[PDB]
Amino acid sequence: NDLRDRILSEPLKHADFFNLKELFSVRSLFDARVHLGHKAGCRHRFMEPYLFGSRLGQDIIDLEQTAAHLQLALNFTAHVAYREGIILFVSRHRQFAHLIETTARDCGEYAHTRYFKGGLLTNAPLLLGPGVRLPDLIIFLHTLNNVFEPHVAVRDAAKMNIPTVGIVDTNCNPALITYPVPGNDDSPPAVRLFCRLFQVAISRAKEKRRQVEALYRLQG
Amino acid sequence: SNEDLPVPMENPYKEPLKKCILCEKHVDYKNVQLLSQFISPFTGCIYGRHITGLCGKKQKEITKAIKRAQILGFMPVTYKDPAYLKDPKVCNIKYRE
Amino acid sequence: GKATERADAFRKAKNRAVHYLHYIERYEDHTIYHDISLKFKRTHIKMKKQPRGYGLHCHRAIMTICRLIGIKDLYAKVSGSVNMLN
Amino acid sequence: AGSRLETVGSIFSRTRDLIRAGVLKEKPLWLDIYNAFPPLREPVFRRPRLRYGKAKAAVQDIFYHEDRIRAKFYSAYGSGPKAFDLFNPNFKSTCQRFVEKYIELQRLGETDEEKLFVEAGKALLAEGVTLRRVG
Amino acid sequence: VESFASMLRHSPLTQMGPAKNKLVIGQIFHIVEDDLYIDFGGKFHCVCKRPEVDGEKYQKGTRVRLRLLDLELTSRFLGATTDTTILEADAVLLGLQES
Amino acid sequence: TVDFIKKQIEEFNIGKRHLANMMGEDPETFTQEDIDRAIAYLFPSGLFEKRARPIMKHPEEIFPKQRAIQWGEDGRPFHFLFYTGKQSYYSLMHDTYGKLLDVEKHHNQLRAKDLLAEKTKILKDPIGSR
RNA sequence: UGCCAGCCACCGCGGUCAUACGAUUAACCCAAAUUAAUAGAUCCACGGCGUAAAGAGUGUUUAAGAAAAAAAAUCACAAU
Ligand SMILES: [Mg+2]
Ligand SMILES: [Mg+2]
Ligand SMILES: [Mg+2]
Ligand SMILES: [Mg+2]
Ligand SMILES: [Mg+2]
Ligand SMILES: [Mg+2]
Ligand SMILES: [Mg+2]
Ligand SMILES: [Mg+2]
Ligand SMILES: [Mg+2]
Ligand SMILES: [Mg+2]
Ligand SMILES: [Zn+2]
């Protein structure tokens with residue numbers, strides 16, 4: 001038991017424990033059309049600090065702050081996977097649902113790209129089973145549903161005290177998202193880049209957890 | 001210290017505003033040929049903005065000129081003059097289908 | 001908690017009150033940090049910080065709420081509406 | 001059990017104060033991660049109130065001195081013969097070549113707009129691009 | 001280290017400027033019976049109709065030429081706080097990578 | 001309820017052995033067809049509803065099918081679509097869509113290579129397929 | 001007893017169906033005092049005026065009040 005707390009305390013003492021800086025850069029985000037957002041009329045009021053400007057009606061997201069938020073979001077996602085946490089990729093968008101399902105299957109985490117039932121996260125002991133374990137992290141690839149309204153899961157995670165890492169567009173509300181990352185969720189290159197980043201972060205976290213366990217076995 | 005920052009300047013891509021057909025023109029009460037183009041040949045009604053397509057001043061000026069000419073004895077009220085009936089069509093209303 | 005039977009309503013209220021819990025910052029565990037003047041929908045509440053020897057001279061419901069919270073000394077006045085829920 | 005209140009504050013605060021009071025006797029695994037790497041903004045609920053009156057958003061439009069030459073190029077020649085390729089990161093367009101010629105002509109000590117325009121238009125013929133003026 | 005403003009100033013979209021009557025190159029990524037989803041690459045994907053001439057030559061991955069009309073179709077209506085995004089773009093078909 | 005079904009299996013086996021012994025047939029050759037006749041003869045319940053008659057089948061046949069244990073001892077669910085409500089239906093839909101995409105890519109490659117070797121097998125009128 | 005007798009500061013109670021009427025027991029609070037009535041102290045708004053009471057049918061002006069940081073006066077169209 002004494003050696004178990006050391007494993008959990010090891011990554012908390014280092015800033016870049018999993019070396020996630022090499023995964024992306026400003027140019028990598030720029031090449032994926034991340035900086036591009038909706039028109040000025042679709043701009044949310046809370047998205048003003050997360051915007052670089054407006055290019056003839058279309059607002060532009062500042063990739064400097066995009067990457068600044070993305071570093072923390074990826075570090076938080078990697079730590080949850082390292083600490084054996086349940087990660088649920090929730091996204092309601094009928095274009096990349098198969099890609100999200102495949103990325104989650106490859107990660108070994110859980111996914112939800114279909115219609116979200118009402119009492120799913122709240123009335124869990126009746127919707128999922130007698131006794132279930134709530135997801136320890138919720139990842140949003142598309143904050144808005146098909147009705148252009150905030151998703152149920154972003155509110156339910158805040159209600160049930162579940163951290164949420166979410167890609168927020170210019171028309172999204174980052175108020176309830178624990179780790180919002182301003183970007184574009186409608187570009188296929190951007191969504192593929194985000195899926196690959198969240199895939200490699202989880203893969204590295206699990207591989208490093210396995211290596212740390214192997215070292216712990218040799219410790220005694 | 002960055003020289004690539006945007007500058008708060010005027011929009012260079014500002015398109016010119018659309019002009020009415022009589023923009024920067026002189027409307028008169030004596031040009032019955034001009035006044036007849038905005039009236040119905042069969043009834044004599046004065047076409048509205050959605051039919052003519054004139055910006056705010058010229059529609060009212062044409063209406064006033066038509067009303068003045070119909071009473072001064074220059075243009076018939078009940079019908080359009082067959083002499084000016086063969087004028088080019090400026091209105092956007094189609095009757096015969 | 002609302003139910004056809006009184007016992008069922010009591011049980012539902014007891015079971016559903018735990019899910020909604022606030023944390024109250026209590027100065028020295030006896031009073032509040034500063035005087036609070038709040039205006040709800042139609043109820044105005046004016047609460048003033050009180051010393052050790054002035055214990056719960058408030059409305060009969062605010063006194064019970066503060067006793068359950070842990071506040072031992074407080075003065076409060078309610079003006080306007082007297083609706084219990086508000 | 002916990003606190004299902006949304007508008008009161010943030011999840012970190014609502015999880016920390018519960019343990020501080022002693023209701024939540026089990027510390028969540030994500031609380032340590034939040035303490036180690038807090039986000040830039042605390043996840044507190046903010047109501048999107050509508051903006052009325054003379055108040056306007058603080059977002060500023062994106063414009064450069066290059067746009068003042070691009071508008072002139074598009075007014076006369078319009079879209080260039082070479083179609084734009086958005087896939088290529090380092091793609092240079094016909095108007096990009098025109099503005100690159102224009103800045104060098106400005107550096108050459110020419111202040112007249114006609115001199116800066118017609119000279120670039122004729123110099124593009126040296127490279128060999130076709131300009132289609134719109135009448 | 002290149003800056004975001006520096007790369008945005010040299011971005012092809014910035015050079016394009018207004019999206020009215022601009023010739024662009026797009027690549028088709030999805031195929032329907034009569035509709036073609038062409039990704040011109042700016043933000044969204046436009047939808048066009050297969051022409052009568054050389055209709056069979058339009059396949060998945062084919063590169064075509066477009067005359068872009070609007071980058072994103074949004075409009076305001078009665079009682080609408082924000083715009084109604086169409087999640088698409090307006091463009092027309094002219095040719096298929098004439099080279 | 002796994003141990004209940006496990007005990008019911010043993011009870012069914014011993015009851016089948018005793019039924020074969022009391023009926024006089026070989027327990028090795030004793031089958032469900034003989035079980036039905038033995039039950040009908042020993043307990044002649046005359047009722048119009050056949051489900052109301054006495055029945056002795058395997059526990060997996062009598063008791064309804066049970067949903068598998070969705071999560072391990074650590075609490076982590078097994079299937080990646082557990083939080084979707086209908087994990088089996090959604091996995092079937094996902095597999096169908098993945099196979100559709102694979103078929104589309106393969107057919108696109110075949111069309112690019114100018115190879116048409118597939119046939120139309122959708123018409124199953126003579127077979128009577130629904 | 002049974003909308004009868006009757007009781008009450010407000011709500012209200014009286015059905016061969018009364019913990020509210022009359023009687024008994026029991027119980028509670030005061031106390032050489034206990035109730036009823038009349039007087040008092042206190043209690044209305046430093047609050048509102050679209051739908052509950054409230055923006056007076058309109059403009060100008062006397063008295064009176066604030067000028068607390070700076071700006072402005074005037075143009076198509078049916079005032080009279
Ligand atoms: Mg979006
Ligand atoms: Mg009495
Ligand atoms: Mg009686
Ligand atoms: Mg009484
Ligand atoms: Mg009595
Ligand atoms: Mg006395
Ligand atoms: Mg009052
Ligand atoms: Mg009134
Ligand atoms: Mg009035
Ligand atoms: Mg009156
Ligand atoms: Zn005009």
# chains A, B, ... in the order shown; residues from 1 in each chain; ligands from 1
>>> residues_near_ligand(ligand="ligand 11", cutoff="10 Å", atoms="only C-alpha atoms (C1' of nucleotides) and all ligand atoms", output="list in words")
residues 18, 19, 20, 21, 22, 23, 24, 25, 53, 54, 55, 56, 57, 58 and 59 of chain B
>>> write_last_selection(atoms="N, CA, C and O atoms", output="PDB file, in the first residue's frame")
ATOM      1  N   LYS B  18     -26.386  50.104 -53.859  1.00  0.00           N
ATOM      2  CA  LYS B  18     -27.256  50.010 -55.021  1.00  0.00           C
ATOM      3  C   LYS B  18     -28.068  51.289 -55.179  1.00  0.00           C
ATOM      4  O   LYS B  18     -28.536  51.874 -54.198  1.00  0.00           O
ATOM      5  N   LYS B  19     -28.235  51.722 -56.424  1.00  0.00           N
ATOM      6  CA  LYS B  19     -28.902  52.973 -56.743  1.00  0.00           C
ATOM      7  C   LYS B  19     -30.266  52.700 -57.363  1.00  0.00           C
ATOM      8  O   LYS B  19     -30.459  51.700 -58.061  1.00  0.00           O
ATOM      9  N   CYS B  20     -31.215  53.594 -57.102  1.00  0.00           N
ATOM     10  CA  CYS B  20     -32.500  53.488 -57.771  1.00  0.00           C
ATOM     11  C   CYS B  20     -32.348  53.888 -59.236  1.00  0.00           C
ATOM     12  O   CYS B  20     -31.382  54.546 -59.629  1.00  0.00           O
ATOM     13  N   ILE B  21     -33.315  53.460 -60.051  1.00  0.00           N
ATOM     14  CA  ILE B  21     -33.245  53.718 -61.486  1.00  0.00           C
ATOM     15  C   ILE B  21     -33.191  55.215 -61.761  1.00  0.00           C
ATOM     16  O   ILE B  21     -32.599  55.653 -62.755  1.00  0.00           O
ATOM     17  N   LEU B  22     -33.778  56.024 -60.880  1.00  0.00           N
ATOM     18  CA  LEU B  22     -33.754  57.474 -61.010  1.00  0.00           C
ATOM     19  C   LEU B  22     -32.790  58.131 -60.025  1.00  0.00           C
ATOM     20  O   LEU B  22     -32.945  59.316 -59.712  1.00  0.00           O
ATOM     21  N   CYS B  23     -31.805  57.385 -59.522  1.00  0.00           N
ATOM     22  CA  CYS B  23     -30.805  57.968 -58.633  1.00  0.00           C
ATOM     23  C   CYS B  23     -30.018  59.045 -59.370  1.00  0.00           C
ATOM     24  O   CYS B  23     -29.558  58.828 -60.496  1.00  0.00           O
ATOM     25  N   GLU B  24     -29.868  60.205 -58.728  1.00  0.00           N
ATOM     26  CA  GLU B  24     -29.200  61.368 -59.314  1.00  0.00           C
ATOM     27  C   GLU B  24     -29.846  61.773 -60.638  1.00  0.00           C
ATOM     28  O   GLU B  24     -29.164  62.068 -61.620  1.00  0.00           O
ATOM     29  N   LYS B  25     -31.173  61.782 -60.661  1.00  0.00           N
ATOM     30  CA  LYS B  25     -31.957  62.205 -61.814  1.00  0.00           C
ATOM     31  C   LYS B  25     -32.953  63.279 -61.389  1.00  0.00           C
ATOM     32  O   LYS B  25     -33.144  63.548 -60.201  1.00  0.00           O
ATOM     33  N   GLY B  53     -38.862  49.348 -57.323  1.00  0.00           N
ATOM     34  CA  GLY B  53     -37.474  49.216 -56.925  1.00  0.00           C
ATOM     35  C   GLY B  53     -36.742  50.543 -56.890  1.00  0.00           C
ATOM     36  O   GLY B  53     -35.659  50.679 -57.467  1.00  0.00           O
ATOM     37  N   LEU B  54     -37.322  51.526 -56.210  1.00  0.00           N
ATOM     38  CA  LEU B  54     -36.749  52.857 -56.097  1.00  0.00           C
ATOM     39  C   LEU B  54     -36.395  53.151 -54.646  1.00  0.00           C
ATOM     40  O   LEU B  54     -37.125  52.773 -53.725  1.00  0.00           O
ATOM     41  N   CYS B  55     -35.269  53.829 -54.446  1.00  0.00           N
ATOM     42  CA  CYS B  55     -34.867  54.170 -53.093  1.00  0.00           C
ATOM     43  C   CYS B  55     -35.711  55.335 -52.576  1.00  0.00           C
ATOM     44  O   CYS B  55     -36.335  56.075 -53.342  1.00  0.00           O
ATOM     45  N   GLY B  56     -35.718  55.483 -51.252  1.00  0.00           N
ATOM     46  CA  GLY B  56     -36.753  56.194 -50.518  1.00  0.00           C
ATOM     47  C   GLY B  56     -37.274  57.519 -51.041  1.00  0.00           C
ATOM     48  O   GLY B  56     -38.431  57.865 -50.787  1.00  0.00           O
ATOM     49  N   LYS B  57     -36.449  58.271 -51.768  1.00  0.00           N
ATOM     50  CA  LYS B  57     -36.859  59.610 -52.182  1.00  0.00           C
ATOM     51  C   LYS B  57     -37.640  59.579 -53.493  1.00  0.00           C
ATOM     52  O   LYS B  57     -38.701  60.209 -53.609  1.00  0.00           O
ATOM     53  N   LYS B  58     -37.128  58.853 -54.486  1.00  0.00           N
ATOM     54  CA  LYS B  58     -37.707  58.869 -55.822  1.00  0.00           C
ATOM     55  C   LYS B  58     -39.093  58.247 -55.889  1.00  0.00           C
ATOM     56  O   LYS B  58     -39.892  58.675 -56.722  1.00  0.00           O
ATOM     57  N   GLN B  59     -39.406  57.264 -55.042  1.00  0.00           N
ATOM     58  CA  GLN B  59     -40.760  56.717 -55.039  1.00  0.00           C
ATOM     59  C   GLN B  59     -41.780  57.780 -54.646  1.00  0.00           C
ATOM     60  O   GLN B  59     -42.791  57.967 -55.336  1.00  0.00           O
TER      61      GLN B  59
END
>>> residues_near_ligand(ligand="ligand 3", cutoff="12 Å", atoms="only C-alpha atoms (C1' of nucleotides) and all ligand atoms", output="number ranges by chain")
G: 1-2, 14-19, 21
>>> write_last_selection(atoms="N, CA, C and O atoms (P, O5', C5', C4', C3', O3' and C1' of nucleotides)", output="PDB file, in the first residue's frame")
ATOM      1  P     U G   1     -80.484  13.406  23.122  1.00  0.00           P
ATOM      2  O5'   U G   1     -80.513  14.925  22.649  1.00  0.00           O
ATOM      3  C5'   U G   1     -81.443  15.847  23.198  1.00  0.00           C
ATOM      4  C4'   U G   1     -81.273  17.213  22.588  1.00  0.00           C
ATOM      5  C3'   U G   1     -81.204  17.239  21.069  1.00  0.00           C
ATOM      6  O3'   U G   1     -82.487  17.238  20.470  1.00  0.00           O
ATOM      7  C1'   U G   1     -79.428  18.521  21.963  1.00  0.00           C
ATOM      8  P     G G   2     -82.836  16.196  19.297  1.00  0.00           P
ATOM      9  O5'   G G   2     -82.219  16.869  17.994  1.00  0.00           O
ATOM     10  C5'   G G   2     -82.373  18.264  17.750  1.00  0.00           C
ATOM     11  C4'   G G   2     -81.231  18.816  16.934  1.00  0.00           C
ATOM     12  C3'   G G   2     -81.093  18.226  15.533  1.00  0.00           C
ATOM     13  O3'   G G   2     -80.621  19.229  14.635  1.00  0.00           O
ATOM     14  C1'   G G   2     -79.124  17.789  16.776  1.00  0.00           C
ATOM     15  P     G G  14     -70.010  20.955  12.061  1.00  0.00           P
ATOM     16  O5'   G G  14     -70.893  20.723  13.365  1.00  0.00           O
ATOM     17  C5'   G G  14     -72.244  20.306  13.260  1.00  0.00           C
ATOM     18  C4'   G G  14     -73.029  20.657  14.496  1.00  0.00           C
ATOM     19  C3'   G G  14     -74.541  20.681  14.333  1.00  0.00           C
ATOM     20  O3'   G G  14     -75.130  19.393  14.404  1.00  0.00           O
ATOM     21  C1'   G G  14     -73.849  22.650  15.422  1.00  0.00           C
ATOM     22  P     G G  15     -75.192  18.463  13.095  1.00  0.00           P
ATOM     23  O5'   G G  15     -76.630  17.783  13.164  1.00  0.00           O
ATOM     24  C5'   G G  15     -77.561  17.920  12.093  1.00  0.00           C
ATOM     25  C4'   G G  15     -77.790  16.612  11.374  1.00  0.00           C
ATOM     26  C3'   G G  15     -77.358  15.362  12.135  1.00  0.00           C
ATOM     27  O3'   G G  15     -78.214  14.279  11.782  1.00  0.00           O
ATOM     28  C1'   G G  15     -76.138  15.514  10.119  1.00  0.00           C
ATOM     29  P     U G  16     -79.154  13.598  12.892  1.00  0.00           P
ATOM     30  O5'   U G  16     -78.127  12.942  13.916  1.00  0.00           O
ATOM     31  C5'   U G  16     -78.549  12.547  15.215  1.00  0.00           C
ATOM     32  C4'   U G  16     -78.037  11.174  15.574  1.00  0.00           C
ATOM     33  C3'   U G  16     -78.312  10.089  14.536  1.00  0.00           C
ATOM     34  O3'   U G  16     -77.268   9.117  14.586  1.00  0.00           O
ATOM     35  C1'   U G  16     -79.386   9.526  16.557  1.00  0.00           C
ATOM     36  P     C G  17     -76.076   9.152  13.509  1.00  0.00           P
ATOM     37  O5'   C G  17     -74.762   9.289  14.396  1.00  0.00           O
ATOM     38  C5'   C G  17     -74.481  10.494  15.100  1.00  0.00           C
ATOM     39  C4'   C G  17     -73.019  10.855  15.029  1.00  0.00           C
ATOM     40  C3'   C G  17     -72.705  12.328  15.275  1.00  0.00           C
ATOM     41  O3'   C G  17     -71.429  12.444  15.901  1.00  0.00           O
ATOM     42  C1'   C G  17     -72.008  11.725  13.097  1.00  0.00           C
ATOM     43  P     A G  18     -71.315  12.957  17.420  1.00  0.00           P
ATOM     44  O5'   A G  18     -70.886  14.485  17.279  1.00  0.00           O
ATOM     45  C5'   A G  18     -69.889  14.878  16.341  1.00  0.00           C
ATOM     46  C4'   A G  18     -69.069  16.046  16.836  1.00  0.00           C
ATOM     47  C3'   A G  18     -68.311  15.815  18.142  1.00  0.00           C
ATOM     48  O3'   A G  18     -67.069  16.514  18.089  1.00  0.00           O
ATOM     49  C1'   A G  18     -69.782  17.649  18.394  1.00  0.00           C
ATOM     50  P     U G  19     -65.744  15.769  17.572  1.00  0.00           P
ATOM     51  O5'   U G  19     -64.709  15.951  18.768  1.00  0.00           O
ATOM     52  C5'   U G  19     -65.112  15.759  20.116  1.00  0.00           C
ATOM     53  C4'   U G  19     -64.186  16.466  21.072  1.00  0.00           C
ATOM     54  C3'   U G  19     -64.046  17.966  20.873  1.00  0.00           C
ATOM     55  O3'   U G  19     -65.105  18.703  21.462  1.00  0.00           O
ATOM     56  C1'   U G  19     -61.903  17.002  21.104  1.00  0.00           C
ATOM     57  P     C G  21     -67.713  25.087  22.616  1.00  0.00           P
ATOM     58  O5'   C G  21     -69.294  24.916  22.538  1.00  0.00           O
ATOM     59  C5'   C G  21     -70.128  26.006  22.179  1.00  0.00           C
ATOM     60  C4'   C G  21     -71.582  25.686  22.418  1.00  0.00           C
ATOM     61  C3'   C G  21     -71.919  25.143  23.797  1.00  0.00           C
ATOM     62  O3'   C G  21     -72.064  26.162  24.771  1.00  0.00           O
ATOM     63  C1'   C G  21     -72.918  23.775  22.154  1.00  0.00           C
TER      64        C G  21
END
>>> residues_near_ligand(ligand="ligand 7", cutoff="9 Å", atoms="only C-alpha atoms (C1' of nucleotides) and all ligand atoms", output="PyMOL selection string")
chain G and resi 44-45+47-48
>>> interface_residues(of="chain D", to="chain E", cutoff="8 Å", atoms="only C-alpha atoms", output="list in words")
residues 67, 70, 79, 80, 83, 84, 85, 86, 87, 89, 90, 91, 92, 93, 95 and 96 of chain D
>>> residues_near_ligand(ligand="ligand 2", cutoff="12 Å", atoms="only C-alpha atoms (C1' of nucleotides) and all ligand atoms", output="PDB file with C-alpha atoms (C1' of nucleotides), in the first residue's frame")
ATOM      1  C1'   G G   6     -76.140  27.895  21.309  1.00  0.00           C
ATOM      2  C1'   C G   7     -70.377  29.351  20.844  1.00  0.00           C
ATOM      3  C1'   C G   8     -66.451  32.984  18.648  1.00  0.00           C
ATOM      4  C1'   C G  13     -68.643  24.729  14.609  1.00  0.00           C
ATOM      5  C1'   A G  20     -65.572  24.022  18.783  1.00  0.00           C
ATOM      6  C1'   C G  21     -72.918  23.775  22.154  1.00  0.00           C
ATOM      7  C1'   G G  22     -74.400  22.519  27.944  1.00  0.00           C
TER       8        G G  22
END
>>> residues_around(residues="stretch 82-92 of chain E", least_positions_apart="6", cutoff="12 Å", atoms="only C-alpha atoms (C1' of nucleotides)", output="short mmCIF file (atom, residue, chain, number, x, y, z; two decimals) with N, CA and C atoms, in the first residue's frame")
data_model
loop_
_atom_site.label_atom_id
_atom_site.label_comp_id
_atom_site.auth_asym_id
_atom_site.auth_seq_id
_atom_site.Cartn_x
_atom_site.Cartn_y
_atom_site.Cartn_z
N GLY A 37 -13.72 29.82 -37.50
CA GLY A 37 -14.98 29.64 -36.81
C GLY A 37 -16.18 30.06 -37.64
N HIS A 38 -17.34 30.18 -37.00
CA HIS A 38 -18.56 30.53 -37.71
C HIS A 38 -18.56 32.03 -38.03
N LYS A 39 -19.67 32.52 -38.58
CA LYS A 39 -19.79 33.92 -38.92
C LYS A 39 -19.96 34.76 -37.65
N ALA A 40 -19.93 36.08 -37.83
CA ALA A 40 -20.07 36.99 -36.69
C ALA A 40 -21.46 36.90 -36.06
N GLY A 41 -22.48 36.62 -36.87
CA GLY A 41 -23.83 36.53 -36.33
C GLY A 41 -24.05 35.31 -35.46
N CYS A 42 -23.24 34.27 -35.65
CA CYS A 42 -23.33 33.06 -34.84
C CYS A 42 -22.39 33.09 -33.64
N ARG A 43 -21.67 34.19 -33.43
CA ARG A 43 -20.72 34.28 -32.33
C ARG A 43 -21.46 34.31 -31.00
N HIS A 44 -21.04 33.45 -30.08
CA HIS A 44 -21.56 33.50 -28.72
C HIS A 44 -20.91 34.64 -27.95
N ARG A 45 -21.62 35.14 -26.94
CA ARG A 45 -21.12 36.28 -26.18
C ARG A 45 -19.87 35.92 -25.39
N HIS A 93 -23.08 14.46 -33.55
CA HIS A 93 -22.88 15.07 -34.86
C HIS A 93 -22.87 13.98 -35.92
N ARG A 94 -23.82 14.03 -36.84
CA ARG A 94 -24.00 12.98 -37.84
C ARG A 94 -23.07 13.15 -39.04
N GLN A 95 -21.78 13.18 -38.78
CA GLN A 95 -20.79 13.20 -39.85
C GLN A 95 -19.56 12.36 -39.52
N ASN A 146 -27.87 18.40 -32.82
CA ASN A 146 -28.46 18.72 -34.12
C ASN A 146 -29.49 19.84 -34.04
N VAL A 147 -29.95 20.20 -32.84
CA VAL A 147 -30.93 21.27 -32.68
C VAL A 147 -30.27 22.59 -32.32
N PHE A 148 -28.94 22.69 -32.46
CA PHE A 148 -28.18 23.90 -32.14
C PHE A 148 -28.41 24.35 -30.70
N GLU A 149 -28.44 23.39 -29.78
CA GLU A 149 -28.63 23.65 -28.36
C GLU A 149 -27.55 22.95 -27.54
N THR A 170 -17.18 28.78 -32.07
CA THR A 170 -17.55 30.17 -31.80
C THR A 170 -18.99 30.31 -31.30
N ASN A 171 -19.84 29.31 -31.55
CA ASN A 171 -21.23 29.34 -31.12
C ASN A 171 -21.49 28.45 -29.92
N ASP A 185 -14.97 22.47 -34.91
CA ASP A 185 -15.47 21.10 -34.81
C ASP A 185 -16.20 20.66 -36.07
N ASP A 186 -16.21 21.48 -37.12
CA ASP A 186 -16.91 21.15 -38.35
C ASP A 186 -15.97 20.80 -39.50
N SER A 187 -14.66 20.99 -39.33
CA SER A 187 -13.69 20.64 -40.35
C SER A 187 -13.21 19.20 -40.16
N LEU D 50 -28.25 38.92 -22.66
CA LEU D 50 -28.24 39.62 -23.93
C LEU D 50 -27.71 41.03 -23.76
N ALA E 19 -15.35 36.02 -50.51
CA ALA E 19 -15.69 34.74 -51.12
C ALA E 19 -16.73 34.87 -52.22
N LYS E 20 -16.83 36.04 -52.86
CA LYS E 20 -17.81 36.26 -53.91
C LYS E 20 -17.16 36.06 -55.27
N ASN E 21 -17.69 35.10 -56.04
CA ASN E 21 -17.25 34.86 -57.42
C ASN E 21 -15.75 34.62 -57.50
N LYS E 22 -15.25 33.70 -56.69
CA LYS E 22 -13.84 33.34 -56.67
C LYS E 22 -13.66 31.90 -57.15
N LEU E 23 -12.67 31.70 -58.02
CA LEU E 23 -12.38 30.38 -58.56
C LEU E 23 -11.50 29.61 -57.58
N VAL E 24 -11.96 28.44 -57.15
CA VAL E 24 -11.27 27.62 -56.17
C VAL E 24 -11.24 26.18 -56.67
N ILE E 25 -10.36 25.39 -56.07
CA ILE E 25 -10.21 23.98 -56.40
C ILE E 25 -10.69 23.16 -55.21
N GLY E 26 -11.61 22.24 -55.46
CA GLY E 26 -12.14 21.39 -54.41
C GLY E 26 -11.98 19.93 -54.76
N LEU E 36 -23.26 15.72 -55.06
CA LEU E 36 -21.83 15.55 -54.84
C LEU E 36 -21.39 16.49 -53.73
N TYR E 37 -20.77 15.93 -52.69
CA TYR E 37 -20.22 16.72 -51.59
C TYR E 37 -18.79 17.10 -51.94
N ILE E 38 -18.58 18.37 -52.29
CA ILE E 38 -17.28 18.87 -52.69
C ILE E 38 -16.70 19.69 -51.55
N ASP E 39 -15.50 19.34 -51.11
CA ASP E 39 -14.81 20.05 -50.05
C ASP E 39 -13.82 21.01 -50.70
N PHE E 40 -14.26 22.26 -50.89
CA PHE E 40 -13.36 23.28 -51.43
C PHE E 40 -12.24 23.62 -50.46
N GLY E 41 -12.41 23.30 -49.17
CA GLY E 41 -11.33 23.36 -48.21
C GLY E 41 -11.35 24.56 -47.28
N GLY E 42 -12.22 25.54 -47.49
CA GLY E 42 -12.18 26.71 -46.64
C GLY E 42 -12.65 26.44 -45.22
N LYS E 43 -13.95 26.27 -45.02
CA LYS E 43 -14.45 25.82 -43.72
C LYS E 43 -15.34 24.59 -43.85
N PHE E 44 -16.32 24.66 -44.75
CA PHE E 44 -17.36 23.66 -44.88
C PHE E 44 -17.22 22.91 -46.20
N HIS E 45 -18.20 22.05 -46.46
CA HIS E 45 -18.30 21.33 -47.72
C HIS E 45 -19.59 21.73 -48.43
N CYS E 46 -19.46 22.08 -49.71
CA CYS E 46 -20.61 22.46 -50.52
C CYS E 46 -21.22 21.22 -51.16
N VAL E 47 -22.47 21.36 -51.60
CA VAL E 47 -23.19 20.29 -52.27
C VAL E 47 -23.58 20.78 -53.66
N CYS E 48 -23.21 20.01 -54.68
CA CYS E 48 -23.52 20.35 -56.06
C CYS E 48 -24.27 19.19 -56.71
N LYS E 49 -24.74 19.42 -57.93
CA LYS E 49 -25.45 18.41 -58.69
C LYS E 49 -24.60 17.93 -59.86
N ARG E 50 -24.68 16.63 -60.13
CA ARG E 50 -23.89 16.03 -61.20
C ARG E 50 -24.37 16.53 -62.55
N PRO E 51 -23.51 17.11 -63.38
CA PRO E 51 -23.96 17.63 -64.67
C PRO E 51 -24.22 16.53 -65.68
N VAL E 64 -12.24 19.12 -58.69
CA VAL E 64 -13.06 19.93 -59.58
C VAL E 64 -12.81 21.40 -59.30
N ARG E 65 -13.27 22.24 -60.22
CA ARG E 65 -13.18 23.69 -60.11
C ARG E 65 -14.54 24.24 -59.70
N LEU E 66 -14.54 25.23 -58.81
CA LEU E 66 -15.76 25.84 -58.32
C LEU E 66 -15.66 27.36 -58.38
N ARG E 67 -16.81 28.00 -58.51
CA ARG E 67 -16.93 29.45 -58.39
C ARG E 67 -17.66 29.72 -57.08
N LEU E 68 -16.90 29.96 -56.01
CA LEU E 68 -17.48 30.08 -54.68
C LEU E 68 -18.36 31.32 -54.59
N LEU E 69 -19.56 31.15 -54.04
CA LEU E 69 -20.51 32.24 -53.85
C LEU E 69 -20.50 32.77 -52.43
N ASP E 70 -20.73 31.90 -51.44
CA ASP E 70 -20.69 32.28 -50.04
C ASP E 70 -19.93 31.22 -49.27
N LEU E 71 -19.12 31.68 -48.31
CA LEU E 71 -18.33 30.75 -47.50
C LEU E 71 -19.20 29.98 -46.51
N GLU E 72 -20.27 30.59 -46.01
CA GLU E 72 -21.15 29.95 -45.04
C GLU E 72 -22.50 30.64 -45.11
N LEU E 73 -23.57 29.85 -45.25
CA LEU E 73 -24.91 30.40 -45.40
C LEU E 73 -25.55 30.58 -44.03
N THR E 74 -25.60 31.82 -43.56
CA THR E 74 -26.27 32.17 -42.32
C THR E 74 -27.18 33.36 -42.56
N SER E 75 -28.33 33.36 -41.89
CA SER E 75 -29.30 34.43 -42.06
C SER E 75 -30.10 34.57 -40.77
N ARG E 76 -30.67 35.76 -40.58
CA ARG E 76 -31.46 36.06 -39.40
C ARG E 76 -32.94 36.09 -39.75
#
>>> residues_near_ligand(ligand="ligand 8", cutoff="12 Å", atoms="only C-alpha atoms (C1' of nucleotides) and all ligand atoms", output="list in words")
residues 49, 50, 51, 52, 53, 54 and 55 of chain G
